[PDB]
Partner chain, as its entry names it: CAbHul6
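Taking the form solved without the partner chain, here's one chain by itself in structure tokens.
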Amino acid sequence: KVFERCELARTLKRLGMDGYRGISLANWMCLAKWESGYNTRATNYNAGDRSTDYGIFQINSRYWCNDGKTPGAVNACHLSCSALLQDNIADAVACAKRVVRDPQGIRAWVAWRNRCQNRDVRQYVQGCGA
């Protein structure tokens, strides 16, 4: 499913993402925007290391979810990567929460550093009533 901006903003707030481990809602919005375009079925195979990014937050199979074909991988979220491709984003959110519980926090996603860090991200949540 492709979420509309404010729809996603309100959904994430309801799932408790606002301020989770110090990360504001607008930052999560910026991340979802640049990672998937707010699309839950987005997948990206990385030919370089044989891992695949899944879902709205493009979570990587090498550490977070199990897809069986990624070599020397772990499954920290204890989820099949299939779970990160559902229209209902509850599992993707629970896994995103697990990712930021690691020392790097939101920095675990390089796209966040490139397109969100130190920028005015208010625009991603303006007018959404979230």
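Throughout, rigid core stands for the largest set of C-alpha atoms superposing within 1.5 Å between the two forms. Numbering follows the first chain given and starts at 1.
Between 22-30 and 44-52, greater CA displacement relative to the shown form is found for 44-52 when the structures in 4 other deposited structures of this protein are fitted on the core. Comparing 17-25 with 106-114, the stretch with the higher mean C-alpha B-factor in the PDB entry is 106-114. Averaged over their C-alpha atoms, the temperature factors of 27-35 and 69-77 are higher for 69-77. The entry lists a Cα temperature factor for residue 91 that places it in the middle third of the chain's modelled residues. Residue-level temperature factors show residue 57 in the lowest third of its chain, judged at the C-alpha atom. Residue 44 sits in the highest third of its chain by CA B factor, as recorded in the PDB entry.
Form solved in complex with the partner chain: not shown, discussed below.
If you take 86-124 and check each residue for a heavy atom within 4.5 Å of the partner chain in the bound PDB entry, you get 90, 91, 94, 95, 97, 98, 101, in sequence order.
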